[PDB]
Amino acid sequence: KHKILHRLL
Amino acid sequence: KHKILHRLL
Amino acid sequence: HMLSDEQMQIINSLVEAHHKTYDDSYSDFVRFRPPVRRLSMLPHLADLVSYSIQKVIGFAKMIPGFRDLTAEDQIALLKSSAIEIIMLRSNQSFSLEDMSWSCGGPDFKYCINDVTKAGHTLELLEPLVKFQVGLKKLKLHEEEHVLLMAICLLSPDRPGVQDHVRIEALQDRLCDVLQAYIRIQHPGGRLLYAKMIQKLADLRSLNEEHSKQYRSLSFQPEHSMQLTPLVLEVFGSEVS
Amino acid sequence: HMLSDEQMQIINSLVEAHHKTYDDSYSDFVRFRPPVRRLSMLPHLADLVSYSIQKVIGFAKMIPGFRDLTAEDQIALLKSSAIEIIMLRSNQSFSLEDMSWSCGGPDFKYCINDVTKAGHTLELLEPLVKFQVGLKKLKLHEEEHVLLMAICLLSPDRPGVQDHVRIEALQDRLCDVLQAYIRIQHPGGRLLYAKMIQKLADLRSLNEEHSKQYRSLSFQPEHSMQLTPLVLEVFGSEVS
Ligand SMILES: C=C1/C(=C\C=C2/CCC[C@]3(C)[C@@H]([C@H](C)CCC[Si](C)(C)C)CC[C@@H]23)C[C@@H](O)C[C@@H]1O
Ligand SMILES: C=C1/C(=C\C=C2/CCC[C@]3(C)[C@@H]([C@H](C)CCC[Si](C)(C)C)CC[C@@H]23)C[C@@H](O)C[C@@H]1O
């Protein structure tokens with residue numbers, strides 16, 4: 001669920 | 001789902 | 001016969017974004033798992049790529065417009081294009097001398113033989129290196145390389161994008177910038193824009209082949225365990 | 001006043017399993033992401049632990065009986081107890097001289113201050129080190145350390161176990177081995193078995209506190225991204 005991408009974004 | 005554990009086991 | 005303000009701003013903000021997210025000394029590489037020369041090189045290169053994805057995200061966030069896309073469109077574009085921006089940004093480390101990415105001494109110098117030892121066959125590395133030598137021959141200005149990365153990122157024709165009209169309108173604006181920049185600022189560059197556009201279609205074909213071989217890798221737990229949580233997120237297929 | 005054959009076999013197979021999965025030279029540590037002294041030490045220690053989980057699985061597979069448990073019971077016991085076997089096996093690197101795990105020179109020597117820089121508070125590291133110094137004082141025979149690890153792994157009272165009767169019957173057999181081994185082979189060890197049993201209950205209390213702080217960590221993507229795919233599998237809560 002792109003937990004890291006969201007955070008990085 | 002422990003894909004790696006299964007493999008390692 | 002002259003760029004706009006909003007034109008030169010786009011170049012300025014893109015070029016600065018690149019400087020902030022690309023170290024020409026490759027001095028953070030010592031923090032990766034070391035290279036080893038099975039798939040001996042998979043740990044080091046997995047970290048190489050994951051570090052790189054972190055940078056491509058930083059660049060992306062400063063492309064004008066990108067910030068205002070939905071979180072879902074940002075993810076969709078990053079997930080589908082990350083490997084292309086990495087192949088793109090690596091040209092700045094690629095050496096025509098050696099046919100290798102020379103990020104350091106003998107350790108962070110990457111033969112084609114190193115990337116095999118991360119589970120990639122020649123049916124990928126061969127056109128990968130033809131792409132790199134071609135891209136190097138184009139002797140791009142910083143302004144063009146940066147623009148080429150941004151245009152590649154803002155492609156509407158990627159799986160999962162929802163606002164393909166707003167995205168395409170952003171990609172359009174950037175293409176207009178590259179056409180104009182080359183027209184005015186690059187002497188002898190009358191075939192350049194078209195050659196740069198060609199490099200994108202090569203990237204899609206690299207992307208495809210790489211996606212195949214990543215799947216074969218990612219499906220073997222003994223190999224996927226050597227990857228990072230960011231790599232599996234970005235190259236995985238969770239979908240939103 | 002004498003061990004059985006099946007007794008001495010259990011000791012032999014356990015002791016050999018330990019030798020095969022524990023390097024006293026800590027010579028593979030150079031392949032981890034280096035230590036750094038935010039959470040500067042999280043990358044190196046995450047790799048330390050992941051490497052260790054790989055070893056604890058190797059040990060486990062050679063405990064007699066374990067192989068014949070269902071894949072689900074093996075996973076349940078490993079997931080709930082891995083951190084305990086790691087805390088256990090680390091005693092062999094812990095130095096009463098220094099109050100640190102000395103796996104190498106100044107780099108792989110781990111102060112309590114290092115583990116803070118991986119996101120652990122003293123409410124964990126304090127009893128962790130009391131546990132370690134206590135366990136070191138017990139001056140365990142290799143035969144006992146190995147047995148203590150196996151007994152800890154084969155606990156029926158762990159979340160997710162399904163065949164708690166077969167597991168407990170395996171744990172029972174091993175306790176009988178440790179009681180008998182100490183009775184016969186360890187002079188002056190008339191309170192030892194009971195002190196060793198005490199060390200298990202300390203492990204549960206460490207396990208609990210560590211599980212709390214891991215959750216807080218694992219819930220912050222900027223920190224969980226520094227972990228490995230094996231660590232998130234084993235310490236995560238997927239359940240079967
Ligand atoms: C990444 C960069 C650099 C080099 C990139 C390289 C050289 C090594 C092999 C790589 C990585 C290719 C592989 C086919 C990709 C494999 C991906 Si996986 C290990 C998850 C299977 C894609 C790009 C290639 C250095 C510097 O220019 C910074 C830039 O960012
Ligand atoms: C692991 C071993 C060794 C050392 C273990 C150590 C020292 C560093 C801090 C650790 C790791 C604790 C922490 C509280 C655990 C943190 C786990 Si995370 C980084 C995923 C948040 C648990 C055990 C501790 C060396 C050698 O004896 C081999 C053995 O196997």
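As a basis for the values below, the full set of heavy atoms in this structure was taken, side chains included, without hydrogen atoms, waters or symmetry mates. Every chain is numbered from 1, with letters handed out A, B, ... down the list of sequences. Both counts, for ligands and for their atoms, begin at 1 and track the order of listing.
Residue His210(C) touches ligand 1 through its side chain alone, judged by heavy-atom distances below 4.0 Å. Neither the backbone nor the side chain of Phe94(C) comes within contact range of ligand 1; no heavy atom lies under 4.0 Å. No part of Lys55(C) comes within 4.0 Å of ligand 1, judged by heavy-atom distances. At a 4.0 Å heavy-atom cut-off, ligand 1 touches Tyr26(C) through the side chain alone.
Between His145(D) and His18(D), the ring-plane angle classifies as perpendicular under the 30° and 60° cut-offs. Note: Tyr214(D) and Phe235(D) have perpendicular aromatic rings, judged against thresholds of 30 and 60 degrees for the angle between ring planes. Note: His44(C) and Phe108(C) have parallel aromatic rings, judged against thresholds of 30 and 60 degrees for the angle between ring planes.
Of the protein's heavy atoms, none falls inside 4.0 Å of atom 10 (C) of ligand 1. Distance screen at 4.0 Å: atom 26 (C) of ligand 2 has a protein heavy-atom neighbour inside the cut-off.
The contact set between ligand 2 and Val231(D), taken as ligand atoms under 4.0 Å from a residue heavy atom, comprises 20 (C). Every atom of ligand 1 with a heavy atom of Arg89(C) under 4.0 Å away is listed here by number and element: 27 (O), 28 (C), 29 (C), 30 (O). Atoms of ligand 1 lying under 4.0 Å from any heavy atom of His120(C), numbered from 1 in the order shown and given with element: 14 (C), 16 (C), 21 (C). Contact atoms of ligand 1 toward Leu45(C): 19 (C) (distance under 4.0 Å to a heavy atom of the residue). The distance from ligand 1 to the heavy atoms of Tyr22(C) drops below 4.0 Å at these ligand atoms: 26 (C), 27 (O), 28 (C). In the vicinity of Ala46(C), heavy-atom distances shorter than 4.0 Å reach the ligand 1 atoms 19 (C).
Within a 6.0 Å radius of CD in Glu222(C), other residues, nucleotides and ligands contribute more than 12 heavy atoms.
When the options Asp28(C), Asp23(C), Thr228(C) are evaluated for a side chain to side chain donor-acceptor pair (under 3.5 Å) with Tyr51(C), the one that passes is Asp28(C).
Ranking the protein heavy atoms by distance from atom 23 (C) of ligand 2 puts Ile86(D) CG2, 4.1 Å first. Counting only heavy atoms of the protein, atom 12 (C) of ligand 1 lies nearest to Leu128(C) CD2, 4.1 Å. Looking only at heavy atoms of the protein, atom 1 (C) of ligand 2 is closest to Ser52(D) OG, 3.1 Å. Closest protein heavy atom to atom 7 (C) of ligand 2: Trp101(D) CD2, 3.4 Å. Protein heavy atom closest to atom 18 (Si) of ligand 2, with residue, atom name and distance, is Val49(D) CG2, 4.2 Å. Of all protein heavy atoms, the one closest to atom 3 (C) of ligand 2 is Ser90(D) CB, 3.8 Å.
Scanning both residues, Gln92(C) and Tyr26(C), for their nearest heavy atoms gives O-OH, 3.6 Å.
Ligand 1 lies out of reach of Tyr51(C), whose nearest heavy atom is not under 4.0 Å from it. Assignment of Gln92(C) to the shell around ligand 1 is not supported, since no heavy atom sits closer than 4.0 Å.
Looking at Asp202(C) and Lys130(C), no side-chain N of the basic residue comes within less than 4.0 Å of a carboxylate O on the acidic one, giving no salt bridge. Under a 4.0 Å N-O distance rule, the pair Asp114(D)/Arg37(D) qualifies as a salt bridge.
In this structure, the side chain of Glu238(D) does not engage the main chain of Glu233(D) through any donor-acceptor pair within 3.5 Å. For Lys136(D) (side chain) and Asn91(D) (main-chain N/O), a donor-acceptor pair under 3.5 Å exists by modelled atom type.
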For this session: Please test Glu84(D) against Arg158(D) for salt bridge (charged side-chain N to carboxylate O under 4.0 Å, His left out), starting from the C-alpha separation and ending with a verdict.
Result: CA-CA 12 Å; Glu84(D) 299 187 20; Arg158(D) 284 170 181 317; 2.8 Å; yes
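Residue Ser93(C) places at least one N or O, backbone or side chain, under 3.5 Å from an N or O of ligand 1.
Residue nearest to atom 8 (C) of ligand 1, selected from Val115(C), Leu217(C), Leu206(C): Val115(C) (by heavy-atom distance).
Side chains of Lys109(D) and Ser100(D): a donor on one and an acceptor on the other come within 3.5 Å. Under the 3.5 Å distance criterion, with hydrogens and angles disregarded, no donor-acceptor pair is assigned to the side chains of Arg215(C) and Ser237(C).
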